[PDB]
>>> print(open('run04.csv').read())   # CSV, C-alpha atoms and all ligand atoms
chain,number,residue,atom,x,y,z
A,1,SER,CA,6.8,-5.9,-20.3
A,2,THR,CA,5.0,-4.3,-17.3
A,3,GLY,CA,5.8,-2.8,-14.0
A,4,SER,CA,3.9,-2.3,-10.7
A,5,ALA,CA,4.9,-0.2,-7.7
A,6,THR,CA,3.2,0.9,-4.5
A,7,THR,CA,2.9,4.6,-3.9
A,8,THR,CA,2.7,5.8,-0.3
A,9,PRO,CA,1.6,9.2,1.2
A,10,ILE,CA,4.5,11.1,2.7
A,11,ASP,CA,2.4,12.3,5.7
A,12,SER,CA,-1.0,12.1,7.3
A,13,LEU,CA,-2.5,14.7,5.0
A,14,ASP,CA,-1.5,13.0,1.7
A,15,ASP,CA,0.6,16.1,0.8
A,16,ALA,CA,2.4,14.0,-1.8
A,17,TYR,CA,3.1,10.4,-2.6
A,18,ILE,CA,6.4,8.6,-2.9
A,19,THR,CA,7.3,5.5,-5.0
A,20,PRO,CA,10.5,3.5,-4.7
A,21,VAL,CA,12.7,3.5,-7.8
A,22,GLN,CA,15.9,1.5,-8.4
A,23,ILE,CA,18.7,3.5,-10.0
A,24,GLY,CA,22.1,2.2,-11.1
A,25,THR,CA,24.1,-1.0,-10.6
A,26,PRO,CA,24.0,-2.2,-7.9
A,27,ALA,CA,20.6,-0.7,-7.3
A,28,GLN,CA,20.3,2.5,-5.3
A,29,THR,CA,16.7,2.8,-4.2
A,30,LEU,CA,15.3,6.3,-3.9
A,31,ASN,CA,11.8,7.4,-3.1
A,32,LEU,CA,10.5,9.6,-5.9
A,33,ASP,CA,7.5,11.8,-6.4
A,34,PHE,CA,5.8,10.5,-9.6
A,35,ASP,CA,4.6,13.7,-11.3
A,36,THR,CA,2.3,13.7,-14.3
A,37,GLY,CA,2.7,17.5,-14.4
A,38,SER,CA,6.4,17.6,-15.2
A,39,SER,CA,8.9,15.7,-17.4
A,40,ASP,CA,12.3,15.5,-15.5
A,41,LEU,CA,13.6,12.6,-13.5
A,42,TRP,CA,15.8,14.3,-11.0
A,43,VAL,CA,17.4,13.2,-7.7
A,44,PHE,CA,19.2,14.3,-4.7
A,45,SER,CA,22.7,13.2,-5.2
A,46,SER,CA,26.3,13.1,-4.1
A,47,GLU,CA,26.6,16.4,-6.1
A,48,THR,CA,23.9,18.2,-4.2
A,49,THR,CA,25.1,21.2,-2.1
A,50,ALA,CA,25.6,19.7,1.3
A,51,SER,CA,23.7,22.4,3.2
A,52,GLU,CA,20.7,21.7,1.0
A,53,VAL,CA,20.5,18.0,1.9
A,54,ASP,CA,18.5,17.1,5.1
A,55,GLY,CA,17.7,13.5,5.5
A,56,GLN,CA,17.1,12.5,1.8
A,57,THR,CA,18.6,9.4,0.3
A,58,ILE,CA,21.1,10.4,-2.4
A,59,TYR,CA,22.1,8.9,-5.7
A,60,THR,CA,25.9,8.5,-6.0
A,61,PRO,CA,26.7,7.9,-9.6
A,62,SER,CA,30.3,7.1,-8.9
A,63,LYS,CA,29.1,3.9,-7.2
A,64,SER,CA,27.1,2.8,-10.2
A,65,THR,CA,28.9,0.7,-12.8
A,66,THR,CA,26.2,1.6,-15.4
A,67,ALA,CA,26.2,5.4,-14.8
A,68,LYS,CA,27.6,7.6,-17.5
A,69,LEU,CA,28.0,11.4,-17.4
A,70,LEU,CA,25.9,12.9,-20.2
A,71,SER,CA,28.6,15.3,-21.3
A,72,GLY,CA,27.7,19.0,-21.4
A,73,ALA,CA,24.1,18.4,-20.3
A,74,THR,CA,22.5,20.6,-17.6
A,75,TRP,CA,18.9,21.0,-16.4
A,76,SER,CA,17.0,23.6,-14.4
A,77,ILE,CA,13.3,23.5,-13.4
A,78,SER,CA,10.8,25.6,-11.6
A,79,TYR,CA,7.5,24.3,-10.3
A,80,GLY,CA,4.1,25.8,-9.7
A,81,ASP,CA,4.7,26.4,-6.0
A,82,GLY,CA,7.8,28.4,-6.7
A,83,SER,CA,10.2,25.6,-5.8
A,84,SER,CA,13.2,24.7,-8.1
A,85,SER,CA,16.2,22.6,-8.6
A,86,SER,CA,19.1,22.3,-11.1
A,87,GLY,CA,22.2,20.3,-12.0
A,88,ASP,CA,23.9,18.0,-14.4
A,89,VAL,CA,22.9,14.7,-16.0
A,90,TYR,CA,23.8,11.0,-16.1
A,91,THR,CA,22.4,8.1,-18.0
A,92,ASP,CA,21.8,5.0,-16.0
A,93,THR,CA,19.6,2.0,-15.5
A,94,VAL,CA,16.3,2.8,-13.8
A,95,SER,CA,13.7,0.3,-12.7
A,96,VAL,CA,10.2,0.8,-11.3
A,97,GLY,CA,8.2,-2.1,-9.9
A,98,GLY,CA,10.1,-4.6,-12.1
A,99,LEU,CA,10.1,-2.5,-15.3
A,100,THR,CA,13.6,-1.6,-16.4
A,101,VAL,CA,14.8,1.2,-18.7
A,102,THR,CA,18.5,1.3,-19.7
A,103,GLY,CA,20.0,4.7,-20.7
A,104,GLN,CA,17.5,6.7,-18.7
A,105,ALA,CA,18.5,10.4,-18.1
A,106,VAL,CA,18.9,10.8,-14.4
A,107,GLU,CA,19.2,14.4,-13.6
A,108,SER,CA,21.5,14.9,-10.6
A,109,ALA,CA,20.7,18.0,-8.4
A,110,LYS,CA,23.5,20.4,-7.6
A,111,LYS,CA,21.0,22.8,-6.1
A,112,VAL,CA,17.6,22.5,-4.7
A,113,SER,CA,15.3,25.1,-3.2
A,114,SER,CA,14.3,25.2,0.5
A,115,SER,CA,11.0,23.4,0.1
A,116,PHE,CA,12.8,20.3,-1.2
A,117,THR,CA,15.5,20.4,1.5
A,118,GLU,CA,12.8,20.7,4.1
A,119,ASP,CA,11.0,17.6,2.9
A,120,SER,CA,13.1,14.7,4.1
A,121,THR,CA,10.7,12.1,2.6
A,122,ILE,CA,11.1,13.0,-1.1
A,123,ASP,CA,14.4,12.0,-2.8
A,124,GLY,CA,13.5,13.5,-6.2
A,125,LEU,CA,10.8,13.6,-8.9
A,126,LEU,CA,10.0,11.2,-11.7
A,127,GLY,CA,8.2,13.2,-14.5
A,128,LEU,CA,5.4,11.6,-16.4
A,129,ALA,CA,4.1,14.5,-18.5
A,130,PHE,CA,5.2,14.7,-22.2
A,131,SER,CA,8.9,14.8,-23.0
A,132,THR,CA,8.5,18.1,-24.8
A,133,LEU,CA,8.6,19.7,-21.3
A,134,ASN,CA,11.9,18.1,-20.3
A,135,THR,CA,14.4,20.8,-19.3
A,136,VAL,CA,17.7,19.1,-20.2
A,137,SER,CA,19.9,21.3,-22.4
A,138,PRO,CA,21.3,21.2,-25.0
A,139,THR,CA,19.7,17.9,-25.8
A,140,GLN,CA,16.2,17.3,-24.4
A,141,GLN,CA,15.7,13.9,-22.8
A,142,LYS,CA,12.8,11.5,-22.7
A,143,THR,CA,10.8,10.5,-19.6
A,144,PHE,CA,10.9,7.1,-18.1
A,145,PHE,CA,7.5,6.3,-19.6
A,146,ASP,CA,8.5,7.4,-23.1
A,147,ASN,CA,11.6,5.3,-22.9
A,148,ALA,CA,9.6,2.3,-21.7
A,149,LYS,CA,6.6,2.7,-24.0
A,150,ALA,CA,7.6,0.6,-27.0
A,151,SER,CA,8.5,-2.3,-24.7
A,152,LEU,CA,5.3,-2.2,-22.7
A,153,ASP,CA,2.5,-4.7,-23.3
A,154,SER,CA,0.2,-1.6,-23.8
A,155,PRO,CA,1.5,2.0,-24.0
A,156,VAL,CA,-0.2,3.1,-20.8
A,157,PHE,CA,0.4,3.8,-17.1
A,158,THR,CA,-2.2,4.0,-14.4
A,159,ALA,CA,-2.4,6.0,-11.2
A,160,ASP,CA,-4.4,4.6,-8.3
A,161,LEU,CA,-3.7,6.9,-5.4
A,162,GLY,CA,-5.0,6.2,-1.9
A,163,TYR,CA,-6.8,8.4,0.6
A,164,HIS,CA,-4.7,8.2,3.7
A,165,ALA,CA,-3.4,4.9,2.4
A,166,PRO,CA,-1.0,3.4,-0.1
A,167,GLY,CA,-1.9,3.0,-3.8
A,168,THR,CA,-0.4,1.8,-7.0
A,169,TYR,CA,1.3,3.0,-10.2
A,170,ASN,CA,1.2,0.4,-13.0
A,171,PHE,CA,3.0,0.5,-16.3
A,172,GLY,CA,1.9,-1.4,-19.4
A,173,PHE,CA,-1.4,-2.9,-18.3
A,174,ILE,CA,-4.8,-2.0,-16.8
A,175,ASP,CA,-5.7,-3.9,-13.6
A,176,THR,CA,-9.4,-4.6,-14.2
A,177,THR,CA,-9.7,-5.5,-10.5
A,178,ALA,CA,-8.7,-2.1,-9.3
A,179,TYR,CA,-11.8,-0.1,-10.2
A,180,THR,CA,-15.6,-0.4,-10.3
A,181,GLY,CA,-17.9,0.0,-13.3
A,182,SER,CA,-16.3,1.1,-16.6
A,183,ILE,CA,-13.4,3.4,-17.5
A,184,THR,CA,-14.5,6.6,-19.3
A,185,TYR,CA,-12.0,7.9,-21.8
A,186,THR,CA,-11.7,11.5,-22.7
A,187,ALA,CA,-9.6,13.5,-25.2
A,188,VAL,CA,-6.2,15.0,-24.3
A,189,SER,CA,-4.4,18.0,-25.7
A,190,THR,CA,-0.6,17.7,-25.6
A,191,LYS,CA,-0.1,21.2,-26.9
A,192,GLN,CA,1.2,22.5,-23.5
A,193,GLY,CA,3.1,19.3,-22.7
A,194,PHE,CA,0.5,18.2,-20.1
A,195,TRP,CA,-2.2,15.6,-19.7
A,196,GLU,CA,-4.7,18.3,-20.5
A,197,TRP,CA,-8.4,17.5,-20.8
A,198,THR,CA,-11.8,19.0,-20.4
A,199,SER,CA,-14.1,18.1,-17.6
A,200,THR,CA,-17.8,18.2,-18.4
A,201,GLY,CA,-18.9,19.9,-15.2
A,202,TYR,CA,-19.4,19.6,-11.5
A,203,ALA,CA,-21.8,19.2,-8.5
A,204,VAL,CA,-21.5,20.2,-4.9
A,205,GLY,CA,-22.7,17.6,-2.4
A,206,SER,CA,-26.1,16.3,-3.3
A,207,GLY,CA,-26.7,19.4,-5.5
A,208,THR,CA,-27.6,19.4,-9.2
A,209,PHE,CA,-24.9,18.8,-11.7
A,210,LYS,CA,-23.7,21.9,-13.6
A,211,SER,CA,-22.8,21.2,-17.2
A,212,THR,CA,-19.8,23.4,-18.0
A,213,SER,CA,-16.5,22.8,-19.7
A,214,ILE,CA,-13.5,23.0,-17.4
A,215,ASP,CA,-10.1,22.6,-19.1
A,216,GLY,CA,-7.4,21.4,-16.8
A,217,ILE,CA,-4.5,19.0,-16.3
A,218,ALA,CA,-4.2,15.7,-14.5
A,219,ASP,CA,-1.3,16.3,-12.2
A,220,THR,CA,-0.2,13.8,-9.6
A,221,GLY,CA,2.5,16.2,-8.5
A,222,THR,CA,0.0,18.8,-7.3
A,223,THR,CA,-1.6,18.1,-3.9
A,224,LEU,CA,-4.9,20.0,-4.3
A,225,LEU,CA,-7.7,20.6,-6.7
A,226,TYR,CA,-7.5,24.0,-8.4
A,227,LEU,CA,-10.6,25.1,-10.2
A,228,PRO,CA,-12.2,28.4,-11.5
A,229,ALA,CA,-13.1,30.9,-8.8
A,230,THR,CA,-16.8,30.6,-9.6
A,231,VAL,CA,-16.8,26.8,-9.0
A,232,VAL,CA,-14.7,27.1,-5.8
A,233,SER,CA,-17.0,29.8,-4.4
A,234,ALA,CA,-20.0,27.6,-5.1
A,235,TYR,CA,-18.3,24.8,-3.2
A,236,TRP,CA,-17.3,26.7,-0.1
A,237,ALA,CA,-20.6,28.6,0.1
A,238,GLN,CA,-22.0,25.2,1.3
A,239,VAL,CA,-19.7,25.1,4.3
A,240,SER,CA,-20.7,27.3,7.3
A,241,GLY,CA,-18.0,29.7,8.2
A,242,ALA,CA,-15.7,29.0,5.2
A,243,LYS,CA,-14.0,32.0,3.7
A,244,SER,CA,-11.1,32.9,1.5
A,245,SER,CA,-8.2,34.1,3.6
A,246,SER,CA,-5.6,36.3,1.9
A,247,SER,CA,-3.2,35.9,4.9
A,248,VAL,CA,-3.4,32.1,4.8
A,249,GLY,CA,-3.4,31.9,1.0
A,250,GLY,CA,-6.8,30.3,0.2
A,251,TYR,CA,-10.1,29.0,1.5
A,252,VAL,CA,-10.2,27.9,5.1
A,253,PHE,CA,-13.1,26.5,7.1
A,254,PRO,CA,-13.9,25.6,10.7
A,255,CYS,CA,-12.3,22.4,11.6
A,256,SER,CA,-15.7,21.5,13.2
A,257,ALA,CA,-17.4,21.4,9.8
A,258,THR,CA,-18.6,18.3,7.9
A,259,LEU,CA,-17.5,18.9,4.3
A,260,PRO,CA,-19.8,18.1,1.3
A,261,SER,CA,-18.5,15.9,-1.5
A,262,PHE,CA,-17.5,17.4,-4.9
A,263,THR,CA,-18.4,15.7,-8.2
A,264,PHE,CA,-16.5,16.3,-11.5
A,265,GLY,CA,-17.6,15.1,-14.9
A,266,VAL,CA,-15.7,12.9,-17.3
A,267,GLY,CA,-17.8,12.8,-20.4
A,268,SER,CA,-21.2,11.5,-19.2
A,269,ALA,CA,-19.5,9.8,-16.2
A,270,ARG,CA,-19.1,11.3,-12.7
A,271,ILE,CA,-16.3,11.0,-10.2
A,272,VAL,CA,-17.2,11.8,-6.6
A,273,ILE,CA,-14.6,13.2,-4.2
A,274,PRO,CA,-15.8,12.5,-0.6
A,275,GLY,CA,-15.9,15.5,1.7
A,276,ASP,CA,-13.1,14.1,3.9
A,277,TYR,CA,-10.7,14.2,0.9
A,278,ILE,CA,-11.1,18.0,0.9
A,279,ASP,CA,-9.8,18.4,4.5
A,280,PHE,CA,-6.2,19.4,4.8
A,281,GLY,CA,-6.3,20.0,8.5
A,282,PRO,CA,-5.3,22.9,10.8
A,283,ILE,CA,-3.7,25.8,9.1
A,284,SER,CA,-1.1,25.8,11.9
A,285,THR,CA,-0.6,23.3,14.8
A,286,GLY,CA,-3.5,23.6,17.2
A,287,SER,CA,-5.6,25.9,15.1
A,288,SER,CA,-9.4,25.4,14.7
A,289,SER,CA,-9.2,26.8,11.2
A,290,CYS,CA,-8.6,24.1,8.6
A,291,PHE,CA,-7.2,24.4,5.1
A,292,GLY,CA,-9.4,23.5,2.1
A,293,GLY,CA,-8.5,21.0,-0.5
A,294,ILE,CA,-10.4,22.8,-3.3
A,295,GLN,CA,-8.8,26.2,-4.1
A,296,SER,CA,-9.1,28.8,-6.9
A,297,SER,CA,-6.9,28.5,-10.0
A,298,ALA,CA,-7.2,32.2,-10.6
A,299,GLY,CA,-3.6,33.5,-11.0
A,300,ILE,CA,-2.2,30.0,-11.8
A,301,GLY,CA,-3.4,30.3,-15.4
A,302,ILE,CA,-4.6,26.7,-15.6
A,303,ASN,CA,-7.0,24.4,-13.7
A,304,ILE,CA,-5.3,21.5,-12.0
A,305,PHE,CA,-6.8,18.1,-11.1
A,306,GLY,CA,-4.3,17.3,-8.5
A,307,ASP,CA,-4.2,14.5,-5.9
A,308,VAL,CA,-7.5,15.5,-4.2
A,309,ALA,CA,-9.3,14.7,-7.5
A,310,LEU,CA,-7.2,11.9,-8.8
A,311,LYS,CA,-7.2,9.8,-5.7
A,312,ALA,CA,-11.0,9.5,-6.0
A,313,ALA,CA,-10.4,7.7,-9.3
A,314,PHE,CA,-8.5,5.0,-11.1
A,315,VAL,CA,-6.8,7.0,-13.8
A,316,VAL,CA,-5.4,5.7,-17.1
A,317,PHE,CA,-2.7,7.7,-18.8
A,318,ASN,CA,-3.0,6.3,-22.3
A,319,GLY,CA,0.2,7.1,-24.3
A,320,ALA,CA,-1.0,5.7,-27.6
A,321,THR,CA,-0.3,7.6,-30.8
A,322,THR,CA,-3.2,9.9,-29.9
A,323,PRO,CA,-3.1,10.1,-26.1
A,324,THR,CA,-6.2,10.0,-24.0
A,325,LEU,CA,-7.1,9.9,-20.3
A,326,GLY,CA,-9.4,7.4,-18.6
A,327,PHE,CA,-11.3,7.7,-15.3
A,328,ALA,CA,-13.1,5.1,-13.3
A,329,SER,CA,-14.7,5.1,-9.9
A,330,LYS,CA,-13.1,2.7,-7.4
A,401,LIG,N1,3.6,19.0,-10.5
A,401,LIG,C1,3.8,19.8,-9.4
A,401,LIG,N2,2.9,20.6,-8.9
A,401,LIG,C2,3.4,21.3,-7.8
A,401,LIG,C3,4.8,20.8,-7.6
A,401,LIG,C4,5.8,21.1,-6.7
A,401,LIG,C5,7.0,20.4,-6.7
A,401,LIG,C6,7.2,19.5,-7.7
A,401,LIG,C7,6.2,19.2,-8.6
A,401,LIG,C8,5.0,19.9,-8.6
>>> encode(input="run04.csv", output="structure tokens")
Amino acid sequence: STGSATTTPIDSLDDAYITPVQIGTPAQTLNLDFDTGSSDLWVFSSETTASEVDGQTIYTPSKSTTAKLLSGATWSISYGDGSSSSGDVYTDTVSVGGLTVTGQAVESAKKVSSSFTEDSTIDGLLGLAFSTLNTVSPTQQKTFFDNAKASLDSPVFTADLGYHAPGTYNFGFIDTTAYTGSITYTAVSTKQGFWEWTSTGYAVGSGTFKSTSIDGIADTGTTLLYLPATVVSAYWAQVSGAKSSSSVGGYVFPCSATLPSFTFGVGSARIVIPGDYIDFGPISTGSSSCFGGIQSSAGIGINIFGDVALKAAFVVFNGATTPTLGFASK
């Protein structure tokens, strides 16, 4: 089997991407944030504290003839930005772009933090990291991909995120028309539950490539590119007036600037992030200070190849017995 679904930016800055997902019988379509940096499929629901729902579409398990309470199971998750959610668990039928999994754990939110409430466009998350990170207790549950894997034509999914435009998540096949040149594959460590890999270095603009190992995660659920302070300083030093602002919480730059590209290595291959991809617009409405899309990972404890990096590539998440990642230009 295979599946293919379009993923769409939630706003004009590509702050996140949403993908429609069918849950239950008859189908209830919710727009979920596909997140290769976590492993829970959770949704706003009829159980979510009413004051914490503001415009989201909810899953109502009592209206699904295939929903079953997973007795005794609860979940609770925190994310890198300090947001969180928790609740109980149903199993139900879940379909993505024509690919169906029966008995998928659908984690129903009883509580969500303010950032989730305030984002009316995201109805929940669909985790695509390794199932070892799934938070369901006392019986850990499998991700949609793990449940689907054995049925797929090939045990893979691909992320093809757009810059200020829709893109695609495919399951079970590689669309050879969706990228240019070849796909370069690179080793993955699953020790921390992430799609963790080692970039071979970087360049800033038309500058020379610096060969250096950068260990990080491919994380579609993180907006920006978080890299070591040395690398980030080298980037922003090429932008007149750019500076790190403690009050704003990262590097900012004059909105009048033209940003240089940023290149990252994948083995001997190179992925080029155009400068425009690194512009996240005014820090507040009407400001001439703009927020940078490349930020320091110092204090996070891990480097993160988030959407800023991934949307410059066609990315293969290869879930074979020994997982690997693939990157192609597009
Ligand atoms: N994977 C994620 N990085 C940041 C974040 C916030 C909210 C949900 C998921 C994520």
>>> closest_atom_pairs(input="run04.csv", of="chain A", to="ligand LIG 401 (chain A)", cutoff="9 Å", atoms="only C-alpha atoms and all ligand atoms", output="CSV")
residue,atom,partner,partner_atom,distance
A:33,CA,A:LIG401,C6,7.8
A:34,CA,A:LIG401,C7,8.8
A:35,CA,A:LIG401,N1,5.5
A:36,CA,A:LIG401,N1,6.6
A:37,CA,A:LIG401,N1,4.3
A:38,CA,A:LIG401,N1,5.6
A:78,CA,A:LIG401,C6,8.1
A:79,CA,A:LIG401,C4,5.1
A:80,CA,A:LIG401,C2,4.9
A:81,CA,A:LIG401,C4,5.5
A:82,CA,A:LIG401,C4,7.6
A:83,CA,A:LIG401,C5,6.2
A:84,CA,A:LIG401,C5,7.7
A:115,CA,A:LIG401,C5,8.4
A:116,CA,A:LIG401,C5,8.0
A:124,CA,A:LIG401,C6,8.8
A:125,CA,A:LIG401,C6,7.0
A:127,CA,A:LIG401,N1,8.4
A:219,CA,A:LIG401,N1,5.8
A:220,CA,A:LIG401,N1,6.5
A:221,CA,A:LIG401,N1,3.6
A:222,CA,A:LIG401,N2,3.8
A:223,CA,A:LIG401,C2,7.1
A:304,CA,A:LIG401,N2,8.8
A:306,CA,A:LIG401,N2,7.9
>>> residues_near_point(input="run04.csv", point="(-22.9, 13.9, -12.9)", cutoff="10 Å", atoms="only C-alpha atoms", output="list in words")
residues 200, 201, 202, 203, 207, 208, 209, 210, 211, 263, 264, 265, 266, 267, 268, 269, 270, 271 and 272 of chain A
>>> closest_residue(input="run04.csv", among="A:245, A:91, A:17, A:205", to="residue A:307", atoms="all atoms listed in the file")
A:17
>>> atom_distance(input="run04.csv", atom1="atom CA of residue A:98", atom2="atom CA of residue A:2")
7.3 Å
>>> residues_around(input="run04.csv", residues="stretch 53-67 of chain A", least_positions_apart="6", cutoff="8 Å", atoms="only C-alpha atoms", output="PyMOL selection string")
chain A and resi 23-28+30-31+43-47+90-93+108+117-123
>>> decode(input="run04.csv", residues="stretch 283-298 of chain A", atoms="N, CA, C and O atoms", output="compact mmCIF listing (two decimals), in the first residue's frame")
# COMPACT_ATOMS: atom_id res chain seq x y z
N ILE A 283 9.53 41.27 14.08
CA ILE A 283 9.45 40.65 15.39
C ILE A 283 8.11 40.92 16.05
O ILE A 283 7.64 40.11 16.85
N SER A 284 7.51 42.06 15.71
CA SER A 284 6.16 42.44 16.12
C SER A 284 5.59 43.24 14.96
O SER A 284 6.34 43.79 14.15
N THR A 285 4.28 43.32 14.87
CA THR A 285 3.66 43.98 13.74
C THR A 285 4.19 45.41 13.55
O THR A 285 4.22 46.22 14.48
N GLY A 286 4.64 45.71 12.34
CA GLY A 286 5.10 47.04 12.00
C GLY A 286 6.57 47.31 12.30
O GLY A 286 7.07 48.37 11.95
N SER A 287 7.25 46.38 12.95
CA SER A 287 8.65 46.57 13.29
C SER A 287 9.52 46.43 12.06
O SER A 287 9.19 45.65 11.16
N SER A 288 10.64 47.15 12.02
CA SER A 288 11.66 46.98 10.98
C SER A 288 12.78 46.02 11.39
O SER A 288 13.75 45.88 10.67
N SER A 289 12.64 45.39 12.56
CA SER A 289 13.53 44.32 13.00
C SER A 289 12.84 43.00 12.68
O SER A 289 11.68 42.79 13.05
N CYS A 290 13.57 42.11 12.00
CA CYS A 290 13.02 40.84 11.55
C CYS A 290 13.68 39.68 12.29
O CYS A 290 14.84 39.75 12.69
N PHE A 291 12.92 38.60 12.45
CA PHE A 291 13.42 37.44 13.19
C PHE A 291 14.10 36.44 12.27
O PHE A 291 13.59 36.08 11.21
N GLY A 292 15.28 35.98 12.68
CA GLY A 292 16.04 35.06 11.88
C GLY A 292 15.57 33.62 11.94
O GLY A 292 15.11 33.12 12.98
N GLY A 293 15.75 32.91 10.82
CA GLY A 293 15.37 31.52 10.73
C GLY A 293 16.43 30.51 11.08
O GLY A 293 16.16 29.30 11.10
N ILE A 294 17.64 31.00 11.36
CA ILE A 294 18.75 30.20 11.85
C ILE A 294 19.08 30.77 13.23
O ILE A 294 19.29 31.97 13.39
N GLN A 295 19.03 29.90 14.23
CA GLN A 295 19.19 30.29 15.62
C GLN A 295 20.12 29.32 16.33
O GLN A 295 20.32 28.18 15.88
N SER A 296 20.70 29.75 17.44
CA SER A 296 21.58 28.90 18.21
C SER A 296 20.84 27.78 18.92
O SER A 296 19.78 27.99 19.51
N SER A 297 21.42 26.59 18.90
CA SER A 297 20.93 25.46 19.67
C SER A 297 21.50 25.41 21.09
O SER A 297 21.19 24.49 21.84
N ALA A 298 22.34 26.37 21.46
CA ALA A 298 22.92 26.35 22.79
C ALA A 298 21.81 26.48 23.83
O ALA A 298 21.00 27.41 23.78
